[PDB]
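J.: Take this structure, written in structure tokens, and hold onto it; I'll ask about it next.
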Amino acid sequence: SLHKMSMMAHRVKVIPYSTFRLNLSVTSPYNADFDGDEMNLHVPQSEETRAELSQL
Amino acid sequence: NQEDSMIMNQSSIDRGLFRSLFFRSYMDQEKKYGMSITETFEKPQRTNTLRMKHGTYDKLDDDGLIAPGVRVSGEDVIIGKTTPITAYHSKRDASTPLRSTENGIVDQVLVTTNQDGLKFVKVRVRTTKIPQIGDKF
Amino acid sequence: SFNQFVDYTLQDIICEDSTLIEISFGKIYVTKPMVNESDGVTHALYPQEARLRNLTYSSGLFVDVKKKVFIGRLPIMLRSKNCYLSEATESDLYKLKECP
Amino acid sequence: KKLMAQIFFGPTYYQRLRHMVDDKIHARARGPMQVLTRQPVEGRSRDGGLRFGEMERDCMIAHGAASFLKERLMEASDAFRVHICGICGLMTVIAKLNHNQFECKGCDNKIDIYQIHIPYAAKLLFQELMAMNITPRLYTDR
Amino acid sequence: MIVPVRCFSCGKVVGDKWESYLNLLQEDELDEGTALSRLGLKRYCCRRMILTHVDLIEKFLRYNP
Amino acid sequence: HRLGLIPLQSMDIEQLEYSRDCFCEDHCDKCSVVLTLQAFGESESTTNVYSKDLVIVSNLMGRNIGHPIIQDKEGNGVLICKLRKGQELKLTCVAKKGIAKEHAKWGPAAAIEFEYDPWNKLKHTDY
Amino acid sequence: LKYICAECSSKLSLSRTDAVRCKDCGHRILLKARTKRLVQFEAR
Amino acid sequence: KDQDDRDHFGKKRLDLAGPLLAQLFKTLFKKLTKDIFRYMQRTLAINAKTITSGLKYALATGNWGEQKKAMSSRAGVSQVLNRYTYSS
Amino acid sequence: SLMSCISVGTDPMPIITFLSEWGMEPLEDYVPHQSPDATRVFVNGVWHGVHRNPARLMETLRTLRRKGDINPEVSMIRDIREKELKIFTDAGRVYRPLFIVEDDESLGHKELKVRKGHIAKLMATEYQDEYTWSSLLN
Amino acid sequence: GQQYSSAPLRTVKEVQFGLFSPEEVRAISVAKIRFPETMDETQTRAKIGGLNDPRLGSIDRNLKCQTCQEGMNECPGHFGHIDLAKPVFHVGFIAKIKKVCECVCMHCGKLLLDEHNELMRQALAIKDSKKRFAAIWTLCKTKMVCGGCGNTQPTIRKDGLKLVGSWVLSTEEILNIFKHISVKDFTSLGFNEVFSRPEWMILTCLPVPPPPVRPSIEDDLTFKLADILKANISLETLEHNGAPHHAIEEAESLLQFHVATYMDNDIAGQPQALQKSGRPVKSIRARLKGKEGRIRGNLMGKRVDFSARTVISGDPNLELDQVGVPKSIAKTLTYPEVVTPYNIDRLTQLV
Amino acid sequence: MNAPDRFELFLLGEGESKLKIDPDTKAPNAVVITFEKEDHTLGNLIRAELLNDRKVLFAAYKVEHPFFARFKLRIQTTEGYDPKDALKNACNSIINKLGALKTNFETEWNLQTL
RNA sequence: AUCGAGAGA
DNA sequence: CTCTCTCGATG
Ligand SMILES: [Mg+2]
Ligand SMILES: [Zn+2]
Ligand SMILES: [Zn+2]
Ligand SMILES: [Zn+2]
Ligand SMILES: [Zn+2]
Ligand SMILES: [Zn+2]
Ligand SMILES: [Zn+2]
């Protein structure tokens with residue numbers, strides 16, 4: 001995580017298969033390809049913090 | 001198939017393209033102590049053994065092992081071993097569970113004494129893996 | 001490298017460095033890979049049986065002492081001179097469950 | 001319908017690598033903790049969590065999300081409640097709960113006591129500093 | 001392992017053509033191309049499927065267990 | 001898996017039924033065709049196991065179905081396996097009606113050649 | 001239950017308090033026999 | 001004449017199984033004859049487990065030079081044979 | 001690399017004896033001012049004295065190695081412009097096999113010692129399975 | 001959560017660092033540490049009244065823990081204490097102490113230069129403690145002769161874990177010296193009134209960390225404390241009984257060694273004090289040093305719950321601010337949602 | 001692992017209807033029909049047959065995601081012409097053409113050898 | 001769990 | 001001064 005664009009809040013879309021599916025145009029800020037790259041996902045636990053994610 | 005990813009023909013996959021066999025061996029051994037204290041291979045009951053595993057032991061036999069051919073999955077128990085440390089609950093559980101995330105079929109079970117005269121066992125489980133979305137090529 | 005170690009280096013290590021005050025060390029003998037079981041019966045160890053039973057594919061060293069004796073076990077590199085597989089043919093390897 | 005551009009098409013020797021998704025995929029929602037630091041264990045096979053490292057913290061700081069950073073560093077990890085003496089400010093307090101008996105051998109404190117929420121790792125650090133002849137006195141006032 | 005039953009790409013049966021292929025190679029003394037041609041393998045995917053295959057089961061059968 | 005890809009007779013398949021549609025338990029004779037396979041190493045030489053060795057057990061009751069297609073010249077068919085000397089393969093096969101959309105083993109066709117306008121007079125392709 | 005030796009075509013039935021070795025052989029490598037309860041395979 | 005090239009491969013050596021096992025066996029055997037010297041001065045009863053367990057340890061852990069963490073050969077001299085592919 | 005090998009290590013003593021018995025002045029009997037153009041001979045990093053007329057010695061040694069009398073593993077370095085002769089019987093030296101080019105060809109020029117006959121014998125050994133690599137080395 | 005406490009919930013506003021005065025050390029303690037025995041005593045699954053007392057914290061999944069009970073999940077850590085036969089040096093202060101001995105002459109206990117000097121007036125004008133000490137240390141270590149007591153101040157140099165003199169300084173001697181520097185001289189070189197004194201830098205008696213710091217599955221800290229207690233009892237034995245001149249000193253240096261290496265194990269001194277398994281042992285200093293340390297590894301960043309990790313792939317049919325989440329992960333990761341009239345139906349369906 | 005069942009490509013799930021007709025809010029006299037358990041095979045054909053009807057203003061199908069076997073079909077017809085009738089006419093036309101094609105292929109097959 | 005080793009981007 | 005799986009020997 002080199003800059004703030006390495007951690008960004010997304011909307012969940014539950015899909016089949018075992019891969020984190022992301023939009024192509026979001027590749028650049030994360031600096032990632034799909035040649036085996038792995039990513040992490042964190043889930044908020046209260047209203048104020050998910051508000052922090054959605055509004056910031 | 002952008003940014004170093006690829007699209008594979010599902011039909012060809014069904015016909016056996018890039019399919020694989022995956023074998024995994026678990027090894028266990030009966031421990032020995034100075035006062036002739038020895039762990040034993042068996043299928044323990046919940047009323048006679050401490051701790052135990054959350055998984056089921058019903059696939060075990062009298063010798064505390066699985067018969068090669070029985071399908072295993074989740075947190076099933078592959079090897080049943082107990083260690084003693086009248087009184088209720090005289091045995092501690094030392095059973096080995098199948099990998100929490102893996103599954104498959106018991107390919108082949110091997111029972112053999114050690115160089116120090118210790119009865120130890122290697123259980124090989126087989127799982128066929130089929131090329132899926134996300135597999136590295 | 002391993003063959004050089006067995007056929008020459010070992011004797012140099014034993015003889016040219018050690019002498020006590022007396023007991024002088026003589027020739028070194030390297031056997032074929034064997035196992036002294038808990039049964040007491042010592043028998044020939046083959047690589048497949050060694051890997052299956054978590055044993056150590058090693059031979060025994062025997063030195064002549066003056067004024068014979070077992071001094072330890074040396075792990076044997078596979079397909080070396082003191083290995084059974086070096087002289088074995090393809091059919092022999094197939095019988096010994098060793099891949100050709 | 002035909003494709004305009006023609007496609008480079010032909011046999012090529014490909015190979016399947018060892019890295020497969022079902023061996024990589026991992027997810028934990030409240031699992032086994034460690035003993036020393038009381039933080040989520042390390043590894044997928046042991047049902048562990050993922051390290052919210054220094055750089056992630058830096059990113060959350062950059063965003064400004066404070067409550068999120070607090071949530072990752074408390075509720076999502078090791079959230080511990082400790083008692084502090086209102087005098088010296090150390091974890092000397094002997095809190096006899098269910099009897100409301102908050103004792104403190106050394107300053108004779110029974111009425112002037114405090115209660116704070118800190119990470120168990122912070123508690124560990126403070127205790128280790130106390131074992132290294134240092135007093136991390138914690139006051140709750142300016 | 002053993003000769004794949006059908007071609008991955010299109011789906012044409014090829015598992016019944018292995019021994020015939022071998023015979024066309026050793027008995028009639030033909031090259032691989034013509035042998036593959038005579039077996040009705042015109043598309044290079046099936047042609048590949050047979051030509052590229054390595055029969056490893058013959059080595060596997062050498063063991064007694 | 002190899003058995004799954006074996007081509008079977010699907011002539012009167014239209015008077016066979018989906019196991020998911022049949023009112024039986026698991027499978028029956030109105031939905032599925034059962035064929036056995038018993039092979040054993042006999043000779044010192046390699047004993048080949050083909051698709052001809054498959055033997056229909058279930059009751060076809062008139063319908064042309066279940067019979068393994070053998071376009072082989074020697075009449076063997078698909079080479080299933082190879083047995084050594086004392087090796088044995090004893091199994092049973094329940095074949096059911098299926099769509100190639102569900103699995104490519106139910107594919108009735110191989111490669112379908114397809115071409116329109118060989119002169120590119122429509123100009124659908126920029127060469 | 002019953003077992004089968006590795007480097008020979010035998011069929012030992014020695015349960016617990018027996019184990020190694022083998023009947024008319026001498027090797028201590030014993031494999032376990034296949035289960036009687038059959039397992040199905042979705043031929044796909 | 002310019003400075004010597006310290007990256008010249010001709011002025012470098014590769015120690016294989018031979019030299020390594022030679023150093024190790026020299027150590028373990030000197031230890032053995034030392035122990036035997038002790039048993040002799042205390043007064044056929046020779047501890048063969050020294051050489052065996054020594055070689056086995058150094059070959060198992062990859063930590064060349066018996067059980068002393070002061071070794072700089074902690075970079076794993078002996079490793080598990082990678083058997084994923086024949087080429088591997 | 002595919003053909004690279006590691007020197008096992010041999011005994012330099014017979015090479016030393018050969019040198020001394022083939023016109024090598026002992027280092028203890030070396031007078032620099034009366035023989036400046038004397039090539040100093042090194043063996044395993046040891047100066048065993050100098051030697052005048054180094055070419056004949058070098059050709060002799062090379063001939064012996066190529067014959068087999070001296071272990072083919074042993075390396076022999078002749079530095080002309082530095083007037084030095086370094087023979088290494090050291091172990092751990094990484095070497096590789098090479099074709100030998102000699103100009104002993106009368107009706108021709110500088111050609112490979114290995115000829116199509118040798119290759120034919122090699123492939124004869126290949127088809128039969130008595131003429132192997134060691135024969136090429138000897 | 002845990003349990004209801006009568007104490008108010010407050011936020012940490014300030015952190016006042018300082019030293020641990022032996023008085024406060026023994027006053028804070030709730031258990032004396034005499035026996036070096038760990039837990040078992042003559043085939044008994046319990047705790048001896050020496051090390052790992054039940055007062056320090058019970059360790060057997062019990063419901064009791066030193067009268068206060070509250071199990072072992074609520075109980076933080078109850079410190080102990082051990083008295084040393086002779087005072088020793090705190091390793092992390094070896095430099096600082098060695099500097100103070102150069103800022104104040106021996107025997108007496110006074111600063112060399114005062115307001116009578118010209119440069120000292122300028123050096124003592126700095127308000128910052130560090131800069132003040134750094135300024136005075138340079139303009140005071142050159143003084144040899146001296147308030148009165150004109151004793152020739154020796155040249156002190158560092159050697160191992162003791163100090164020498166050139167006209168060997170005992171630890172008790174330096175204790176007696178730092179005990180007589182008084183209050184006014186403390187402010188002149190950084191130290192504080194009732195927080196940090198030079199007479200507290202040296203270790204008279206040292207605190208004993210509770211079992212939650214050194215757990216058992218024993219911990220290295222338990223072994224090191226056992227070594228310290230061993231050297232202590234050995235020193236006491238050599239002192240009370242037959243006390244040779246060149247024997248008890250070795251025991252003093254031994255206790256000093258074990259105490260010094262109990263905190264810092266990576267010193268300039270070659271003896272790194274290995275263990276039984278050949279391990280260089282884990283000191284308290286090594287527990288904090290990053291990046292795998294306690295601070296950078298357990299405080300600045302730590303493993304968290306409600307997290308997932310997977311191989312990523314591109315999807316042209318997902319929006320920019322969308323993320324594809326595998327169904328299994330969706331079932332695994334969860335969110336606590338309070339029941340309200342707006343969502344009671346949906347939540348009921350989900351349940 | 002997380003891979004969906006294959007039959008979910010052609011077997012209607014629990015409660016899932018075949019066609020979902022929805023009134024389009026954008027353009028007047030338009031409709032969006034959701035086809036379940038169907039791919040391009042049906043959508044392309046229907047859409048191509050809806051462009052033959054000269055009383056149909058708009059006709060376009062799309063598969064929103066390849067994971068799921070379903071496609072949306074938007075149809076806009078002239079006033080005084082219900083789009084359902086356009087879909088029905090298209091379908092019937094398809095069926096007729098396929099019937100004639102089948103008959104012709106059969107007759108042409110009977111006249112062959114080998 | 002504590003130290004070494006291989007590997008992922 | 002330098003995010004993951006993993007193996008395999010050690011207590
Ligand atoms: Mg990448
Ligand atoms: Zn207090
Ligand atoms: Zn094909
Ligand atoms: Zn039925
Ligand atoms: Zn047998
Ligand atoms: Zn308590
Ligand atoms: Zn003075």
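Here, A, B, ... name the chains of the structure tokens in the order displayed, residue numbers run from 1 inside each chain, and ligands are numbered from 1 in the same displayed order.
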Give me, as an NGL selection string, the residues of chain E touching chain F, with the criterion being at most 6 Å (counting only C-alpha atoms).
T.: :E and (10-12 or 15-16 or 61)
J.: Restrict the selected residues to N, CA and C atoms and save them as a tab-separated table (two decimals), in the first residue's frame.
T.:
```tsv
chain	number	residue	atom	x	y	z
E	10	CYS	N	-12.20	-29.92	-30.66
E	10	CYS	CA	-13.46	-30.13	-31.37
E	10	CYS	C	-14.34	-31.18	-30.69
E	11	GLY	N	-13.77	-32.34	-30.40
E	11	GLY	CA	-14.49	-33.40	-29.71
E	11	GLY	C	-14.51	-34.72	-30.45
E	12	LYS	N	-13.76	-34.81	-31.54
E	12	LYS	CA	-13.70	-36.03	-32.33
E	12	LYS	C	-13.00	-37.15	-31.57
E	15	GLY	N	-9.41	-41.92	-29.22
E	15	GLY	CA	-8.96	-42.98	-28.35
E	15	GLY	C	-9.01	-44.36	-28.98
E	16	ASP	N	-9.74	-44.47	-30.08
E	16	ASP	CA	-9.87	-45.74	-30.80
E	16	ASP	C	-8.87	-45.82	-31.95
E	61	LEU	N	2.92	-49.91	-16.22
E	61	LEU	CA	2.57	-51.32	-16.09
E	61	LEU	C	3.77	-52.19	-15.72
```
J.: Counting only C-alpha atoms (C1' of nucleotides), collect the residues of chain L whose closest atom lies at most 12 Å from chain D, and write them out as a list in words.
T.: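 Every residue of chain L that passes the 12 Å test is in residues 1, 7 and 8 of chain L.
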J.: Please identify the residues whose atoms come within 12 Å of ligand 5, using only C-alpha atoms (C1' of nucleotides) and all ligand atoms, and report them as number ranges by chain.
T.: E: 65; G: 3-12, 20-31
J.: Okay, now the selection with N, CA and C atoms, as a JSON list (two decimals), in the first residue's frame?
T.:
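For reference, result.json as written:
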```
[["chain", "number", "residue", "atom", "x", "y", "z"],
["E", 65, "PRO", "N", 2.94, -54.19, -8.05],
["E", 65, "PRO", "CA", 1.74, -53.81, -7.29],
["E", 65, "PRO", "C", 0.56, -53.44, -8.18],
["G", 3, "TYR", "N", -5.26, -56.61, 5.80],
["G", 3, "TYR", "CA", -4.31, -55.79, 5.06],
["G", 3, "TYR", "C", -3.71, -56.57, 3.90],
["G", 4, "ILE", "N", -2.79, -55.92, 3.17],
["G", 4, "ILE", "CA", -2.09, -56.56, 2.07],
["G", 4, "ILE", "C", -0.65, -56.07, 2.01],
["G", 5, "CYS", "N", 0.30, -56.99, 1.87],
["G", 5, "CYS", "CA", 1.71, -56.63, 1.82],
["G", 5, "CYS", "C", 2.05, -55.85, 0.56],
["G", 6, "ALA", "N", 3.19, -55.18, 0.57],
["G", 6, "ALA", "CA", 3.58, -54.30, -0.53],
["G", 6, "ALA", "C", 4.24, -55.07, -1.67],
["G", 7, "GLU", "N", 5.39, -55.68, -1.40],
["G", 7, "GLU", "CA", 6.18, -56.31, -2.45],
["G", 7, "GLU", "C", 5.86, -57.79, -2.64],
["G", 8, "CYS", "N", 4.61, -58.16, -2.40],
["G", 8, "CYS", "CA", 4.13, -59.51, -2.69],
["G", 8, "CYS", "C", 2.61, -59.54, -2.73],
["G", 9, "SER", "N", 2.06, -60.58, -3.36],
["G", 9, "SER", "CA", 0.61, -60.70, -3.50],
["G", 9, "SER", "C", 0.01, -61.55, -2.38],
["G", 10, "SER", "N", 0.05, -61.03, -1.16],
["G", 10, "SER", "CA", -0.53, -61.73, -0.02],
["G", 10, "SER", "C", -1.79, -61.03, 0.47],
["G", 11, "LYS", "N", -2.41, -61.58, 1.50],
["G", 11, "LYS", "CA", -3.64, -61.03, 2.04],
["G", 11, "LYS", "C", -3.75, -61.26, 3.55],
["G", 12, "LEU", "N", -2.94, -60.53, 4.31],
["G", 12, "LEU", "CA", -2.93, -60.65, 5.76],
["G", 12, "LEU", "C", -4.24, -60.16, 6.37],
["G", 20, "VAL", "N", 3.25, -55.74, 11.86],
["G", 20, "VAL", "CA", 4.41, -56.29, 11.16],
["G", 20, "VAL", "C", 4.77, -57.67, 11.71],
["G", 21, "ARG", "N", 5.31, -58.56, 10.87],
["G", 21, "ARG", "CA", 5.63, -58.26, 9.47],
["G", 21, "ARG", "C", 4.63, -58.89, 8.50],
["G", 22, "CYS", "N", 5.13, -59.76, 7.63],
["G", 22, "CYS", "CA", 4.29, -60.39, 6.62],
["G", 22, "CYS", "C", 4.38, -61.91, 6.65],
["G", 23, "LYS", "N", 3.32, -62.56, 6.18],
["G", 23, "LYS", "CA", 3.28, -64.02, 6.11],
["G", 23, "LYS", "C", 4.10, -64.54, 4.93],
["G", 24, "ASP", "N", 5.18, -65.25, 5.25],
["G", 24, "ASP", "CA", 6.08, -65.81, 4.25],
["G", 24, "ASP", "C", 6.65, -64.73, 3.34],
["G", 25, "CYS", "N", 7.40, -63.80, 3.93],
["G", 25, "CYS", "CA", 8.05, -62.73, 3.18],
["G", 25, "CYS", "C", 9.20, -62.13, 3.98],
["G", 26, "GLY", "N", 8.87, -61.26, 4.93],
["G", 26, "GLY", "CA", 9.88, -60.68, 5.80],
["G", 26, "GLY", "C", 9.89, -59.17, 5.83],
["G", 27, "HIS", "N", 9.18, -58.54, 4.89],
["G", 27, "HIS", "CA", 9.15, -57.08, 4.83],
["G", 27, "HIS", "C", 7.99, -56.51, 5.64],
["G", 28, "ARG", "N", 8.20, -55.32, 6.19],
["G", 28, "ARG", "CA", 7.29, -54.74, 7.16],
["G", 28, "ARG", "C", 6.37, -53.68, 6.56],
["G", 29, "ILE", "N", 6.37, -53.58, 5.24],
["G", 29, "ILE", "CA", 5.55, -52.58, 4.55],
["G", 29, "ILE", "C", 4.16, -53.13, 4.25],
["G", 30, "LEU", "N", 3.18, -52.72, 5.05],
["G", 30, "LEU", "CA", 1.81, -53.20, 4.91],
["G", 30, "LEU", "C", 0.83, -52.11, 4.50],
["G", 31, "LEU", "N", 0.10, -52.36, 3.42],
["G", 31, "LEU", "CA", -0.94, -51.45, 2.95],
["G", 31, "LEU", "C", -2.31, -51.92, 3.43]]
```
J.: Tell me which protein, DNA and RNA residues are within 7 Å of segment 57-63 of chain J, counting only C-alpha atoms (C1' of nucleotides), leaving out same-chain ones fewer than 5 positions away, and put them as a PyMOL selection string.
T.: chain J and resi 69-72+77-78+210-211
J.: Output the selection as a PDB file, in the first residue's frame - C-alpha atoms for each residue.
T.:
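Wrote it out as part-v3.pdb, contents follow:
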```pdb
ATOM      1  CA  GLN J  69     -10.809 -14.350  41.009  1.00  0.00           C
ATOM      2  CA  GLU J  70     -12.313 -13.215  37.686  1.00  0.00           C
ATOM      3  CA  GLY J  71     -10.717 -16.198  35.944  1.00  0.00           C
ATOM      4  CA  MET J  72      -7.680 -15.667  33.729  1.00  0.00           C
ATOM      5  CA  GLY J  77      -1.116  -9.231  35.264  1.00  0.00           C
ATOM      6  CA  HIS J  78      -0.038  -9.001  38.894  1.00  0.00           C
ATOM      7  CA  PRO J 210       3.397 -11.896  35.413  1.00  0.00           C
ATOM      8  CA  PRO J 211       2.684 -15.180  33.524  1.00  0.00           C
TER       9      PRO J 211
END
```
J.: Any idea what's packed within 8 Å of residue 10 of chain J, counting only C-alpha atoms (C1' of nucleotides), ignoring anything in its chain fewer than 2 positions away? Could you give it as a list in words?
T.: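 The filter keeps residues 114, 115, 116 and 140 of chain D; 8 and 12 of chain J.
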